[PDB]
Amino acid sequence: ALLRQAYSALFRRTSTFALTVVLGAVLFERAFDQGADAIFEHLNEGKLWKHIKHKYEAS
Amino acid sequence: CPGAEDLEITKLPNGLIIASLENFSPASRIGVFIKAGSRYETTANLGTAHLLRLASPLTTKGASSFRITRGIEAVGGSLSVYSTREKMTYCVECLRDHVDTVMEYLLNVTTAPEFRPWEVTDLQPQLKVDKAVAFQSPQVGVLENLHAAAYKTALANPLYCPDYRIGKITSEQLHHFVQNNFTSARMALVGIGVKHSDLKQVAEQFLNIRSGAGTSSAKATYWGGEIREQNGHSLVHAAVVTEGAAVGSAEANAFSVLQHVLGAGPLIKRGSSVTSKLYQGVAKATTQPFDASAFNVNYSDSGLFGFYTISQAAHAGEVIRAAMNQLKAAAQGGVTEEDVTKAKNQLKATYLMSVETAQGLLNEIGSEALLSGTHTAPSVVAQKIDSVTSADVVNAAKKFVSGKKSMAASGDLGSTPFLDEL
Amino acid sequence: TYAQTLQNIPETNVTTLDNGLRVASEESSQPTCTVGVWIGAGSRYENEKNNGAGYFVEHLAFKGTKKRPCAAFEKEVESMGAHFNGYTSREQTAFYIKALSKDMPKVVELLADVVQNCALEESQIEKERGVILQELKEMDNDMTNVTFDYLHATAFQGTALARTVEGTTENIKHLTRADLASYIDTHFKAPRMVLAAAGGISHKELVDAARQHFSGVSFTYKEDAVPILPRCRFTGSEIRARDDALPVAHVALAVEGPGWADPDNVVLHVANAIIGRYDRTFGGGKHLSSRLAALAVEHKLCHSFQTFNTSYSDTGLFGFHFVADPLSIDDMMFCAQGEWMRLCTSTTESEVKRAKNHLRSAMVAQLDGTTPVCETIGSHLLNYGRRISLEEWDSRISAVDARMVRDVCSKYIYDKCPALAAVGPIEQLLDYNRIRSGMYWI
Amino acid sequence: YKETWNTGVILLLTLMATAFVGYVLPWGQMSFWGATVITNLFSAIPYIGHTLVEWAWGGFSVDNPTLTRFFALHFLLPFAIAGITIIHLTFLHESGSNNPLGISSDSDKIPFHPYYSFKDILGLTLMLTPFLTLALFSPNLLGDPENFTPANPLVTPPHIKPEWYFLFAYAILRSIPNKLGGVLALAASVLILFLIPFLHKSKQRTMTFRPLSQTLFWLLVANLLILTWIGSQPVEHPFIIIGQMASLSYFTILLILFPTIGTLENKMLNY
Amino acid sequence: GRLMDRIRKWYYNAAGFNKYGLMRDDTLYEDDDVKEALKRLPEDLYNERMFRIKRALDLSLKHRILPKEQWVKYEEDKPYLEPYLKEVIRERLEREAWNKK
Amino acid sequence: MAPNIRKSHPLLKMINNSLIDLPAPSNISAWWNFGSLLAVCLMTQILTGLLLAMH
Amino acid sequence: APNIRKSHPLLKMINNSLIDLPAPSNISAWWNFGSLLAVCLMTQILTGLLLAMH
Amino acid sequence: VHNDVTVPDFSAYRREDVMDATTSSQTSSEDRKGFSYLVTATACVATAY
Ligand code: HEM
Ligand code: HEM
Ligand code: HEM
Ligand code: HEM
Ligand SMILES: CO/N=C(/C(=O)OC)c1ccccc1COc1cc(C)c(I)cc1C
Ligand SMILES: [Zn+2]
C-alpha cells in the first residue's frame, strides 16, 4: 500500500513532506538529465563530436 | 470504610455560624451565605449589590484577579455568587483534596476585596449585558415589576441594577455596602463534603471585618400597585398576588400547600395537570395554549402569593379571570379533604427531591443555619407540614381574595384586564 | 479524602432477566429516588417513511395506556408526587420517573405499562400531530441545534445519522396509528432495554417487581438477537444556511469520532477540557485558562463556543461550535482551528494536569442526584456493556499525559477533511479549502 | 520605532553600496583602486569567498566586465532606495513622528501643512546653499585628484583613500591587521546600528533630560570625527595606535557605555 | 551619609525637566506598562499630567522654558505614577511566571 | 463617499494623508527636516544621475 | 490583531491583495493575463539587467 | 423548517471508495490523500528542478 505508506511517512508532516521534495528532486535531476541527454544524443547518432572524436584523438 | 456521619453546627462569640456535614462524596462544596441584597439598598446606591455579585473575580488583599481564576481553574475548581433581594451566597465546588486550596479564594473574595477603581469601571458595562441575557425571559420581566408594584421599599427594589445607575456605581459604594452588610452575625460558613472541625478552624482563625449586625434593612412596607409593560408580544405574562406569609411564619405551609392544591409546576412531560385545579379550570375557559401556576414567595419580613399566567394576546383576559374564580372557588370550601392530602405529599416529595443536588442540599443546610442556627430535621418539617388543616388552606385562599392585590404584566395587554376589574 | 471516597461508592448491581431485559441500580441512604427504562432505540433505527416515530411515540407515551387512559394515568402519577420524564435521541430513548423510594415498585409498573401497553388512542394522535408540528417551528429557532442537526445531516449525509430526531415535516403529517405501533412493536423489546434505578432501593425488591411486569418471554432465538446497525459514512463537507437577517451566526466544525467503545474517547475529552467553553458571562474573562476563551475576550471573537465529543455506538462527532457576530466569525474560527492544532503539536503537561482535574469534577458532576445517576447507568450499560465507576474512569484519566494527547488528537484531527455547519449571516466564514488547510501546521 | 529604524539602516546600506559603484564609473585611478582594495577584502572569507570575488569581478581582477556590471548596479540601486524609502515612511506613519521631548504628542499635534511643509522648504534652502556654494566655487574641494588620472592597473596611487563619508569606516578597517578581522570590523562598524534598539535602557526616550548620556553621545560623535581623520592618514605611528583606540572606543560606547550609563542613569532618577 | 540624596538631587537638576514644569514621571516613556498605569490614574491626576505635557511641548516648540520661579523642585516632585506602575509590573511579573508553571 | 476631493480619491488620499493632513508633533525641531531633505536629495541624484547616464 | 498578516503593515499588503483578496467565483481565463502581464515584467526586467551587465 | 432539508446526492462526483454509504471513509482516507499529496509533492520536485 504505497499511497497509504506514503501519506504516512512522507506527505504527512509538512516537514518530512518538504524533506522529500528536496531529496526527491535530487534523484529526479540526477536521473532526468541522463535520460534526456541519452535520448537527445541517440536522436543524433554519430553527428556529435562525442562520436567523431576517436578520429583525431591519440597523443 | 465510611458511612453515616452527623451534621455539626457551631457558633463563635462574634455570632458566626458553621454548618458542617461530611457525606463522603468525592466532592466538597463550601459556601458563604449572607444576609445582603437589593433590600438593603437605598435609592442612592441601587444595584450596588448586583455589581458586587459580579465583582467576585476582582482582586483581593490576598489574591489577584488572576490567581483567583487561574488558581481555582488549576484544580478543576469553580466559584459563583447567588442572591435574592435578601440573601447572598458565595460558594466554590471542587474535588475533596483541593478544598483548602479552593478556600483561599473563597475567604478572600467575600471578606477582603480591594475593589480597585479601575477594575470596577472595567466591569460596569458587564451589568449592561448580564441584565440583557436575563431579561431574555419575560418570566424575569414581570417578576421585577411585580415586586415594584407590590412594595414601596427594600423588597420593592430590583434584583438587576436599573439602567440609569449602570456605570454610576462607585468603589466606595461597594465597600461601604460590604463593610455594612457582610458582617459575621449575618454570615454563615456552611459546606458539605468536609469534617466540621476543619470548616471551623478556617472560619475562626481567618475571618475578620465581621463582629456585628451592621445596618438594618428598612422594614418592608406593602404598596399594592399595578405596573404594565405594553410591548407587542404574542404572549402576555401576568402575575397577580397579595401579601402572602413570611419565612418561619406559621401561616406559611398553608400557602405552600394552597399552592400545590392550586397547582404549581408539572410532573408529566408534555401533559396536563389533572391534579392542578388552577391549570384545569383555566383550560375550561381558554381555547389556545397557555400556562398558569401558583406563585409563592416567603421573605424575611413579608411574602407574596397569587397566580401567574402566560397566554395568547387575546386570551389574556379570560385566562386571568378564570384563574381568579378558580382561586375563589378554592377560597370557599371548594377544597376536598382529599386534595389537601395529595398536595401534602407533592410538597413533601418536591422538598425531598431538592436535597439530592449538592446545590440544593448545601442551600437547605445553609438557609436555616443562617435564619435560625438550627437544622430542623427531615421528620420535623414533615410533622410541621401535614399538620395543616383544610381550614388553614381555605382561609389562606381568602386572605388573598380580600387583601389588596397588585398585578404586573408584560405583553400586548390590549386584552389583558386591569387589577380593579377582578 | 478523595482516593478513598471513590471506593466507598456502592458498586452497581446488575442481573439480567431470562427474557432479554436487564436491571441495574445503586442503593443509597436516600428517601427519594429515580427509575426508568433506557431503551436502546432512536432516530437512527428509523427510515425514510417512518422518520420521527420514536419522537411521536415519546409524545404519546404519557397520554395514557390501555390499562389506564390519560386522565387516570396522569392523575395516578401526579397524585403521588412522582415525576415522569423522558427523552429520545438518535441512538437512545428513555422514560424515567422520580418519586419516593416508597413507591419504588408501584412505579416500575407504570414504566412497564407505558413501554408495552401504550394506549395510542387514535383520537389523541391527530391532536399530538399539530403539537409536534409546533415544537418544530419553535425548535426551528434554536440555532445552537439547527446547527448540530445540519452538522449531522452533512457529517453523515445519506446515512441514518444524518436524520433529525424530530423527523421530517411530512412524516409527522402522515405517520399512522400503524407505524407508531410498529416502532414500539419492533423497537421497545426487553434485551434492548435497561431498567435503571438509584436511591433508597434494594436491588432485590426492585429486580422482583421487574420480574413481575417485565414477564414477556421470548421463544425463538431471534427475540434474543440484538440487531446490529449498518454503519454510517462520514463525509468531510459543509452545508451553509445563509440568512443575513439572523442577528448572530453559528458555526460547527467536527471530525469523525471513535465510538463509545474506544478508550481514546477519554483522552479526546481531556483534550476538550483544555479548549473548554465560554459565553460572554463567564467572569474570569481575560484571565480564563482556555487560550481560545481568553483570546475570545482579548479580541471579542465570539459570544459563546464549546468543545464537544459526541459519541455514538460505532462513530462520533468531535469538534466545536461558536456563535458570533457576522464580522468576527473569521478571526474566531481561525483561532479555534488554531487551538485545535496546538493540541496535536505543543500541548503541555500543565494543560493536561488542569484538564484532568477539570474532567474529574465534570464526571463527578454528572452524578449529582438520582435522575443523573440512572441516566448514566441507563447509558453505561446500554452503550458500554458494563458500568464504569468513578474509580475506574478516574484512573483511566490519571493515566493520560501531554504526550498521550498530542498523539490522539493528531490521530483524529490532523489533516482530516472535516464537516462544517454554518448558519446565519456567514458571509465571512467562506471556503472549505481554507478551512481544510487549517487542519495542519501550527 | 524598530521597523522605521531597520528600514532606515537598510536604506543606508543601499546608499553606501550605491555610491561605491558610482565611484568606479569615472574609471580614474582612485575609481579603479578603490574598487580593487575593497572588493579584494571578500577574499578573506574562508572557502566560499575566494570565489565570490572572481564572480563579482566577472574576471580575475577589476576590469571591464566589472565596470559594466557596476554601471548597471548604479543605475538600479537608487530606485531600490526610492522603493524602500516608501516602506520607511510607511512604518513611520504607523506611529507618527517622535518629538524632542519624548512624551505623547497627542496632546498637541499640528498639520504637516503649512507648519512643516514650510519649515521643510526653509530647511532645504539652508542646506542647498553650502551644497551649491561648495559645488559652484570649490568643485573639487572634496574629491581627490588621483581620479583625474585615467585608471592604470599597473601603477598604484601614493595613497588610496575614499571620500570623507567612507573614511570613518576605512579607518576601522585598517585598524585591525588581518584582512578578515578588519572586514568584520568594517561590517559590524555599520551593521552595529541594528543592535541600538536592543541597547536602550533608559526609562526615558530622548537624551534631552539625560545629561550623562548626552556627553557620552557627543564623545561618540567626536569619536567619529577622529576615525574620519585617522582614515585620511597613512599607516604610521602615531596614527595606527590612535586608530585602533578610536575604533576600540567606537564599539565600546555603543556596546557598553551607552547601555550602562543608561541603567545607572535610571537609578539616579530613583527608578 | 547623605551622599546618595545629594546625588539624586543633583542629577535631578542636571536632567532639568523641571525647567519645563514636568514631573519625573511625566517624562516616562510610554512602554506597555506605563501605558497601562496611566489608564488607571484618577481623572484629576491624569488630566493634570496631560496639561503639564501639552504645556511642556508648547514650550519646546517655542524654544523657551518656565521662569526660574516656576520650575519644579526635587522635593516637591510628586511621583504620582510610580505606585500605579510598580503594581502593574508586579501583576504582569506574576502572570508571566505562572504561564511557565 | 466624501465631500472634498483629497480623501475620497484613492490617489490624492495618498498625496494628502502623508504630506498635508498628516498629524505632526508641534514641537519637532530642525533635526526632523533631514527626513524630507534625504528624500529631495534622492529625487535629485536620480535625476542628475540619469542626465549623466545619458552621456 | 490575532493572526500576523492583518496587523503587520507589510504582510497586510502581501495578504490583502493576494490571499484574502475577494475574487468573483466565475472569472475565466481571460483574467489570468493580469498576473501573467505582471510576471512577464518581473522577468523582462531581470533578463533585462542580466544583459545590461554585458 | 430545517428538518425538511437534506444534503443532495453527490454520487456523480464522489470517489470510487467513499461512495458506499455503509463503508468507513476512514480507511480509504490515507489513500485518497496520499495520492493528491503525491501529485503535489511531485509537482514540487518538477518545479524545483
Ligand atoms: C534612504 C534615506 C532615508 C530617507 C529618504 C528617510 C526619510 C525619512 C523621513 C521623510 C522621515 C520623517 C521625518 C524625519 O526625518 O524625522 C524619516 C524618519 C525616520 N528615519 Fe529616515 N530616512 C532615510 C534614512 C534613514 C536611516 C539610514 C535611518 C537610520 C538607520 C532612518 C531612521 C529614521 C527614523 C528612526 C525616523 C523616525 C523619525 C522620528 O524620530 O520622528 N532613516 N526618515
Ligand atoms: C542613489 C543616488 C545616487 C548616488 C548616491 C550616486 C553617486 C554617484 C557617485 C558616487 C558617482 C561618482 C561621481 C564622481 O565621479 O565623482 C556617480 C557617478 C555617476 N552616477 Fe550616480 N549616483 C546616484 C544615482 C545615479 C543614478 C540614479 C544614475 C542613473 C540611473 C547615476 C548615474 C551615474 C553616472 C553616469 C555616473 C558616472 C559619471 C560621473 O561620474 O559623473 N547615478 N554617482
Ligand atoms: C502594464 C501591464 C499591466 C499589468 C501588469 C496589468 C495587470 C493587471 C492585473 C494583475 C489585473 C487583475 C486581474 C485581471 O487581469 O483581470 C488587471 C486588471 C485590469 N487591467 Fe491591467 N494590467 C496591465 C495593463 C493594462 C492595460 C494596457 C489595460 C488596458 C488599457 C488594462 C486594463 C485593465 C482592466 C480594465 C482591468 C480590470 C479587469 C477586470 O475586468 O476584472 N491593464 N490588470
Ligand atoms: C519593459 C520590459 C522590457 C521590454 C519590453 C524590453 C524589450 C527589449 C527589446 C524590445 C529589446 C531588443 C531585443 C532584440 O535585440 O531583439 C531589448 C534589448 C535589451 N534590453 Fe530590454 N526590455 C525590457 C526591459 C529591460 C530592462 C529592465 C533592462 C535593464 C534595465 C533591459 C536591457 C536591455 C538590453 C541590454 C538590451 C540590449 C541587448 C539585447 O538586445 O539583448 N531591458 N529589450
Ligand atoms: C570604488 O571605490 N569607491 C571608493 C569611494 O570612496 O567611493 C565613493 C573608494 C575609494 C578609495 C578607497 C576605498 C573606497 C571604498 O571604500 C569603502 C567603500 C564602502 C562602500 C564602505 I561601507 C567602506 C569603505 C572604506
Ligand atoms: Zn591625493
# chains A, B, ... in the order shown; residues from 1 in each chain; ligands from 1

$ residues_near_ligand --ligand "ligand 4" --cutoff "10 Å" --atoms "only C-alpha atoms and all ligand atoms" --output "NGL selection string"
(:D and (72-73 or 75-76)) or (:G and (40-54))

$ residues_around --residues "residue 24 of chain B" --least-positions-apart "4" --cutoff "9 Å" --atoms "only C-alpha atoms" --output "list in words"
residues 2, 3, 4, 5, 28, 192, 193 and 194 of chain B; 1, 2, 5, 8 and 9 of chain C

$ residues_near_ligand --ligand "ligand 6" --cutoff "9 Å" --atoms "only C-alpha atoms and all ligand atoms" --output "PyMOL selection string"
chain D and resi 30+143-147+157-161

$ residues_near_ligand --ligand "ligand 2" --cutoff "9 Å" --atoms "only C-alpha atoms and all ligand atoms" --output "VMD selection string"
(chain D and resid 14 to 28 31 71 to 82 140 143 147 163) or (chain F and resid 41 to 55)

$ write_last_selection --atoms "C-alpha atoms" --output "CSV table (one decimal), in the first residue's frame"
chain,number,residue,atom,x,y,z
D,14,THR,CA,21.9,50.6,-0.1
D,15,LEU,CA,23.0,54.2,-0.3
D,16,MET,CA,26.6,53.2,0.7
D,17,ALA,CA,26.8,50.4,-1.8
D,18,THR,CA,25.2,52.7,-4.4
D,19,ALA,CA,28.0,55.3,-4.1
D,20,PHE,CA,30.7,52.7,-4.0
D,21,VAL,CA,29.7,51.6,-7.5
D,22,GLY,CA,29.1,55.1,-8.8
D,23,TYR,CA,32.7,55.9,-7.8
D,24,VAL,CA,34.1,53.3,-10.1
D,25,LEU,CA,32.3,54.6,-13.2
D,26,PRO,CA,34.6,57.6,-14.0
D,27,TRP,CA,37.3,54.9,-14.0
D,28,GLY,CA,40.1,57.1,-12.7
D,31,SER,CA,38.0,54.7,-9.1
D,71,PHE,CA,27.2,50.7,-14.0
D,72,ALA,CA,24.1,48.6,-14.3
D,73,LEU,CA,24.1,48.3,-10.5
D,74,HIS,CA,24.5,52.0,-10.1
D,75,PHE,CA,21.5,52.5,-12.3
D,76,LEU,CA,19.5,50.1,-10.3
D,77,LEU,CA,20.1,50.7,-6.6
D,78,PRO,CA,18.9,54.3,-6.5
D,79,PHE,CA,15.5,53.0,-7.5
D,80,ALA,CA,15.6,50.3,-4.9
D,81,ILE,CA,16.4,53.1,-2.4
D,82,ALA,CA,13.3,55.1,-3.5
D,140,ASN,CA,36.9,69.5,-6.2
D,143,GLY,CA,37.4,65.0,-4.4
D,147,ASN,CA,40.9,60.5,-10.0
D,163,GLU,CA,35.6,60.0,0.0
F,41,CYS,CA,18.2,64.6,-2.2
F,42,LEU,CA,17.3,61.3,-3.8
F,43,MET,CA,14.8,62.9,-6.1
F,44,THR,CA,17.7,64.9,-7.4
F,45,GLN,CA,20.6,62.4,-7.6
F,46,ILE,CA,18.5,60.1,-9.6
F,47,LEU,CA,17.7,63.0,-12.0
F,48,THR,CA,21.2,64.3,-12.4
F,49,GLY,CA,22.2,60.6,-12.3
F,50,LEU,CA,20.2,59.8,-15.5
F,51,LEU,CA,21.1,63.1,-17.2
F,52,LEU,CA,24.7,61.9,-16.9
F,53,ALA,CA,24.0,58.3,-17.8
F,54,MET,CA,22.6,59.7,-21.0
F,55,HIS,CA,26.1,60.7,-21.9

$ select_by_dssp --residues "chain F" --states "alpha helix (DSSP H)" --output "PyMOL selection string"
chain F and resi 12-15+34-53

$ interface_residues --of "chain D" --to "chain F" --cutoff "7 Å" --atoms "only C-alpha atoms" --output "JSON, numbers by chain"
{"D": [78, 96, 97, 99, 100, 105, 108, 109, 110, 111, 112, 113, 120, 123, 124]}
